[PDB]
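This report refers to the structure that appears directly beneath it.
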Amino acid sequence: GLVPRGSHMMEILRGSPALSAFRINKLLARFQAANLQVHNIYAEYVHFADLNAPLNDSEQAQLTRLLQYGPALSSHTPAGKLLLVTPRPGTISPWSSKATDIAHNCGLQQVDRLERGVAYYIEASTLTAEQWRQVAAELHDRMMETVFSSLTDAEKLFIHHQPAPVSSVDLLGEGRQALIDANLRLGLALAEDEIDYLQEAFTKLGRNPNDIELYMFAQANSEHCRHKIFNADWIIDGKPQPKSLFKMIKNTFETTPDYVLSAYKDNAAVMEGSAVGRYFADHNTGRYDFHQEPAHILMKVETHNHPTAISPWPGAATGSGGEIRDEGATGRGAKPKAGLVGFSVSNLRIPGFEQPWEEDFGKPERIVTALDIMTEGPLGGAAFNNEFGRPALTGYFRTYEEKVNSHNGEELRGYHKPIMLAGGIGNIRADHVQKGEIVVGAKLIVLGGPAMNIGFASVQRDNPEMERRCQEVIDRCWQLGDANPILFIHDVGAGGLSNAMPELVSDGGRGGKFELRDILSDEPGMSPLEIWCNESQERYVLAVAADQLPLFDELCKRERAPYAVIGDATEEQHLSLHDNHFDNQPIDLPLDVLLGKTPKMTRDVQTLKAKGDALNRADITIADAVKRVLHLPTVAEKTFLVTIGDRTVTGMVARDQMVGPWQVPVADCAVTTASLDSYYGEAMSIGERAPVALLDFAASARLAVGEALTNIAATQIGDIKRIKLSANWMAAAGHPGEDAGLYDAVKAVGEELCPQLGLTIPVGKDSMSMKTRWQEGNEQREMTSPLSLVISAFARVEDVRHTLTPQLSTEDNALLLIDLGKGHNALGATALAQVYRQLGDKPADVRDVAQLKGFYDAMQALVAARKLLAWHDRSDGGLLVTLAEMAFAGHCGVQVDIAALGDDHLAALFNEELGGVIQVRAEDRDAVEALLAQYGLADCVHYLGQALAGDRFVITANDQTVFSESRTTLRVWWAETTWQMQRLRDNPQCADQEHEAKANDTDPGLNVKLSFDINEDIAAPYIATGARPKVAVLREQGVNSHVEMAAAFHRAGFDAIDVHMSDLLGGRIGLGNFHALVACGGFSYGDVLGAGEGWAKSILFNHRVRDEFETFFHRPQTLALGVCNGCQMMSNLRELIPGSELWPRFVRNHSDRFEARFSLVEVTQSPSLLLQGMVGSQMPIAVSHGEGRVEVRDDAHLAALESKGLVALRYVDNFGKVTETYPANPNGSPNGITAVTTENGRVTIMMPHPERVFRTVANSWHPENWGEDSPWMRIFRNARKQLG
Ligand SMILES: Nc1ncnc2c1ncn2[C@@H]1O[C@H](COP(=O)(O)OP(=O)(O)O)[C@@H](O)[C@H]1O
Ligand SMILES: [Mg+2]
Ligand SMILES: [Mg+2]
Ligand SMILES: [Mg+2]
Ligand SMILES: [Mg+2]
Ligand SMILES: [Mn+2]
Ligand SMILES: [Xe]
Ligand SMILES: [Xe]
Ligand SMILES: [Xe]
Ligand SMILES: [Xe]
């Protein structure tokens, strides 16, 4: 299929069927519902290659082959009306970026660009032209895609427009009116004083401004970029105030500077970490080693609220993507470690599952629903974290939408504009914490992706693999230590380059001169304004000395990170942009003019305070309340948000959300090890309580801080002054009451509580227009957010191993409540009130700052001394939920008495005051109570009773039974929300299976059987000789699990060498010098054209590297391992490997969802040399994949594979049987297959990651008796011994 396209040819190639049966049934169903009478629906990927030159037979076959991928779904002969869905013309999909990379790396330079569409074939035959538009509408996303009638209509996707010229705004010719006209025409959003400043500046300069200069200025003076509210002067109830919001936040550093290395000066904050073994490959040798040095800790938290409202997937993806850039661009280069994720939305209103507090209040047409946000956003955030390679380990998710009598009377409050929140921690070297000086003549570089027309203007675009490559360069740069060439670095975000690059020279006291046509652009029609000010993703800006440029270029080429030198730093503090194409100068400005400031804002405002009403209990019974609270999404099980995101990459994850044998997602905070050779680490927690702010601003803010503290407290940290906070403020500024509440709330934490507790807030952010207006009848409606403080806490951890969870034990035990509420038992703005459509009266609050600190200190004392069996704090859903979730995590019963807690049982069970339940050994109860009394806690400590074996959740009040149910019943109710979300988002069959397994109380949870001694280092005689065989640790662009793979081979006595595919293509390395090869995990080319395919095919279609791999595998004494992406790649090179004739392929999981699980496997009999001695063993292992379903050609292949004895690992359920039920088997592989070997055992591929869990501390659940090494260490030691 080959056609003309301007001065290019366009090829059209068939692809594979695009829809699984269940996806088809969903479409047919939606069609029946909208009363469209569609008889049948079929879809098929189709691919469009824009060629700059012709392809020969050989190359034509190669391209065709590249585009045969995916599940082998049942194919069909097209019938009915064709509707072709493609990206919007003038847009380039991420798929296209990555697939085009692969063509290039397979030596197909003739391919200018590849793009994909989906051809739908609809048989209805009944429909009107209007109804076909309704069909067309179901089949695509209005914001990213369009629908065409013809395969040849795709030629619009590749039109090249002539570069548009710069456009001047005629101030000198029209006066002020021209600036007014441009302010509306270009949507610049300028204030009148901003327009005056510009009129004057350009009038002084004596010439007309260019559109680009105005646009740059407007986006730098947005509330988003300038933060005027946060620096404003205040008058509140007629009294001027001495400090701005920012000043009140800095107060916390002024009063608590301890441990902080950088604050308010950079893209992230930095605090002291620990001296540990930092593991990476030297520039010199390419050998990986430990570098004993300080690994200091950075932190940042960002939001992406507006874009998530319009296009939730890319909005959430880029929210995280931008924040990862911030982290990497801290100092002179740093390394992201773990992530966090947050969502706030209006009511879900799940079809079929509507809850008694949900009311449809309508919404704007321009925005998506709450349910669409929670279906697509989390997938997008996960897309970035998974494809980039950072584990997501903590998060919140709240739903709120209600008509409530709050500070400005009866109003709608909620999150029609949602919160989407992404943050993380990273590590940084001491000597890179400070930004270097920008030397005059410094080259100014853009690192990363090409410019496209992105910042419809709120629909973002993510390419995480691009950012990954960029990060490898940054890692190459900090790993050079004091030879790091990065003088200064900054992320590119709002305002794109028009903000980032003046920001950069300015921070350095320099100017720059720039050349527009040096910037990498994929859209040649862009105006200069568009090149300079677009908000395209995956870009950094930096300065490097001219003489380091040859180093920076070797680094980038080898990682295949694109970059451009676009200008020079000048002594003179001027900004210039030249254009070689139009031989002119779009920007010619002094910086003090460009960055000059209009007067600061003054806000002169007044307090509103809701009275709010006492809770009406007419319809409330304790039993009906328990059922309702557990069906509040805020309370309810969060699995749909957790298993979609990787939790194990880096091999440093110690505590993830999943807890215990039953992997229940209730961990109160995240923890990571500092290195792969220490038990020191880092921790993260979140606290958050917005609804309280509808009654009381300050209390909500204090509660957010306190809850972060209670969520982190059972971690071994020590001094509270180690705990550092991000404060992210969401508000409806201007909405009556909100501004005074904002001031009061910032003061409450900045001026008071945080200083009193010794808590620093060294980073933060604000998002100041959390409101939505639209027309419903011909009446206007507003949905206004509560003031929403989200606190994230971060800390150096002293000992990762001493972390407690909510997992109860049934040994002889005592359950003690710490009620920091002190009997107040407030019910206002609780889960309980919400769920009976009320706000209620008095909310919770920090009641006693000294006791709050006493609590933290006591907990630390008990954690260090090992005096606790379990911990869970009280938050949403109260003590009731706290106890229920512990019982869930411990798979046991609870027997408690709440008589000492008041006569008001409702209020005792459902208040959301601070505190928690501790479990201790019965024999320690007195000593623990005595210690808590020593820190002043006596009167709020209450003995409750005990955890017991069994399924009874029982609550008494001396002789009366308050509440009594099956723990399992409660646990299933608590799961219904995630079940319903999984059911409508994923393969329903899988969601139901997962849900239904939870109802079987007999589930023994994860358990282990070992055929060998986990502590016996069978490699030690060999290590002891000092002879260290090399292992080729092989990575392709996009690979992300290589450091921990290398660390595992290293512990077994290997010299791990960093072999990038570019090293093999450039002849710098040759497999002929190795006896051992490992292909690592990740998302090479973002899995595009099928996970592992581009990697493998770039090997195959380069005949010289192809031969290198064939020769290796054909030698008699070589060994190879392929894990995950590497398992996939190797399965796609089968032709090079002897004894692999029967091997399967690996394709989309049956669930149709990325599965990040801790899965139980067994070791099966096979020739596998790496699995020697382990056969019969049953242990859990890290699973992180979207495309691991084993697929065979037919039953004959499967039988043949099986009878040859090549299957090496299988998934089993917790009862220990081979299973295809989900998630025990996360991907749907036949016979539970997840590893296979060759006839001679010398090559083995597996989908799970043993390299992520070779340390016991990096197993989510593990038996108490295991030492440093897990069972999976034996794989690597088997390799060592086998080489001999
Ligand atoms: N949006 C999210 N993404 C990832 N994990 C989340 C998210 N929301 C909640 N979680 C995780 O689910 C578990 C339960 O969350 P939640 O009940 O909100 O925690 P808590 O009540 O302790 O503040 C926690 O381990 C939390 O980190
Ligand atoms: Mg100190
Ligand atoms: Mg909770
Ligand atoms: Mg908690
Ligand atoms: Mg919380
Ligand atoms: Mn009191
Ligand atoms: Xe300007
Ligand atoms: Xe962490
Ligand atoms: Xe104790
Ligand atoms: Xe290996």
- Note on the structure: Among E1202, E1220, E1264, the single one that is more than 30 Å from the chain's Cα centre (by Cα) and part of a loop (DSSP other than H, G, I, E, B) is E1264
- Message: Quick test for you: out of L789, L804, pick the one residue that is crowded, with 22+ Cβ neighbours inside 10 Å, within 16 Å of ligand 1 (Cβ to nearest atom), within 24 Å of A861 (Cβ to Cβ) and assigned by CATH to the domain that holds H306.
- Response: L804
- Item | Residue count for region 338-373, restricted to those that are within 16 Å of ligand 8 (Cβ to nearest atom) and in a loop (DSSP other than H, G, I, E, B) | 0
- Query: In region 710-722, which residues are more than 16 Å from ligand 1 (Cβ to nearest atom) and either of a type in the set (A, V, I, L, M, F, W, C) or part of a loop (DSSP other than H, G, I, E, B) (or both)?
  - Reply: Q716, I717, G718, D719, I720
- Name every residue in region 459-482 that is of a type in the set (A, V, I, L, M), buried (at least 22 other Cβ atoms within 10 Å of the Cβ) and within 30 Å of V260 (Cβ to Cβ), in order of residue number. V473, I474
- Task: Could you please give the count of residues in region 621-666 that are among the aromatic types (F, W, Y) and surrounded by fewer than 24 Cβ atoms within 10 Å (Cβ to Cβ)?
- Result: 1
- Given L198, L205, which one is over 18 Å from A727 (Cβ atoms), buried (at least 21 other Cβ atoms within 10 Å of the Cβ) and more than 40 Å from the chain's Cα centre (by Cα)? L198
- Select, from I297, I249, the only residue that is touching a helix residue (DSSP H, G or I) at 6+ places or on another chain (Cβ under 6 Å) and buried (at least 16 other Cβ atoms within 10 Å of the Cβ). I249
- Message: I'm trying to understand the selection: among the residues of region 1022-1041, which are hydroxyl-bearing (S, T, Y) and either assigned to a strand (DSSP E or B) or more than 17 Å from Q1117 (Cβ to Cβ) (or both)?
- Response: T1025, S1041
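Okay, residues lined up against (1) assigned by CATH to the domain that holds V404; (2) away from ligand 6 (no atom under 16 Å from the Cβ); (3) within 21 Å of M420 (Cβ to Cβ):
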| site | (1), (2), (3) |
| --- | --- |
| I644 | yes, yes, yes |
| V664 | yes, yes, no |
| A670 | yes, yes, yes |
| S675 | yes, yes, no |
| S685 | yes, yes, yes |
| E688 | yes, yes, yes |
| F697 | yes, yes, no |
| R702 | yes, no, no |
| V705 | yes, yes, no |
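Table: residues versus (1) closer than 25 Å to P1248 by Cα; (2) touching a strand residue (DSSP E or B) at 6+ places or on another chain (Cβ under 9 Å); (3) assigned by CATH to the domain that holds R65; (4) charged (D, E, K, R).
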site: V1059; (1), (2), (3), (4): yes, yes, no, no
site: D1087; (1), (2), (3), (4): yes, no, no, yes
site: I1099; (1), (2), (3), (4): yes, no, no, no
site: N1102; (1), (2), (3), (4): no, no, no, no
site: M1130; (1), (2), (3), (4): yes, yes, no, no
- Message: Being aliphatic (A, V, I, L, M), away from ligand 9 (no atom under 16 Å from the Cβ), under 30 Å from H227 (Cβ atoms) and in contact with a helix residue (DSSP H, G or I) (Cβ under 7 Å, 6 or more places away or on another chain) is the requirement here; does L632 meet it?
- Response: no
- Note on the structure: Exactly one of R468, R390 is assigned to a loop (DSSP other than H, G, I, E, B), within 15 Å of the chain's Cα centre (by Cα) and either more than 26 Å from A564 (Cα to Cα) or among the basic types (K, R) (or both), and that one is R390
- Task: Could you list all residues from region 437-458 that are buried (at least 21 other Cβ atoms within 10 Å of the Cβ) and on the phi > 0 side of the Ramachandran plot?
- Result: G448
- Of the residues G238, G286, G273, which single one is in the same structural domain as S767 (by CATH) and closer than 30 Å to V1031 by Cα? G286
- Taking the stated definitions as given, is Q657 under 27 Å from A858 (Cβ atoms), more than 24 Å from the chain's Cα centre (by Cα), away from ligand 7 (no atom under 16 Å from the Cβ) and of a type in the set (S, T, N, Q)? no
- Go through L879, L869, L883, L862 for me and flag whichever is assigned by CATH to the domain that holds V954, away from ligand 2 (no atom under 16 Å from the Cβ) and touching a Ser or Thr at 6+ places or on another chain (Cβ under 7 Å). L869
- Residue count, region 1261-1278, condition among the small types (G, A, S) and more than 20 Å from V1123 (Cα to Cα), comes to 1
- Item | Matching residues in region 1146-1171 - criterion: being farther than 21 Å from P1223 by Cα and in contact with a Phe, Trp or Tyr (Cβ under 9 Å, 6 or more places away or on another chain) | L1170
- Query: Across region 159-192, what is the number of residues that are buried (at least 19 other Cβ atoms within 10 Å of the Cβ) and of a type outside the set (G, A, S)?
  - Reply: 8
- Item | Flag for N1007 being more than 28 Å from the chain's Cα centre (by Cα) and either under 30 Å from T634 (Cβ atoms) or polar (S, T, N, Q) (or both) | yes
- Message: Among the residues of region 865-872, are any over 30 Å from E401 (Cα atoms) and within 16 Å of ligand 5 (Cβ to nearest atom)?
- Response: yes
- Qualifying positions in region 718-771 - under 26 Å from the mean Cα position of the chain (by Cα), closer than 30 Å to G409 by Cα and either hydroxyl-bearing (S, T, Y) or within 16 Å of ligand 2 (Cβ to nearest atom) (or both): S767, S769
- From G916, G854, which residue is among the small types (G, A, S), within 16 Å of ligand 9 (Cβ to nearest atom) and within 24 Å of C754 (Cα to Cα)? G854
- Query: Just for region 599-614: of the residues that are in a loop (DSSP other than H, G, I, E, B) and among the basic types (K, R), which one is nearest to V404 (Cα to Cα)?
  - Reply: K611
- Query: Would you call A1032 outside the structural domain of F888 (by CATH) and under 27 Å from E472 (Cβ atoms)?
  - Reply: yes
- Query: Would you call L709 aliphatic (A, V, I, L, M) and either under 24 Å from the mean Cα position of the chain (by Cα) or away from ligand 4 (no atom under 16 Å from the Cβ) (or both)?
  - Reply: yes
- Query: Can you tell me which residues in region 873-899 are among the small types (G, A, S), under 20 Å from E913 (Cβ atoms) and more than 16 Å from ligand 5 (Cβ to nearest atom)?
  - Reply: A899
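Note that each Cβ is placed from the backbone with ideal geometry, even for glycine, and that neighbours are counted across all protein chains shown. The values are calculated or read from the model by the stated rules, or taken from the named source; no laboratory instrument gave them.
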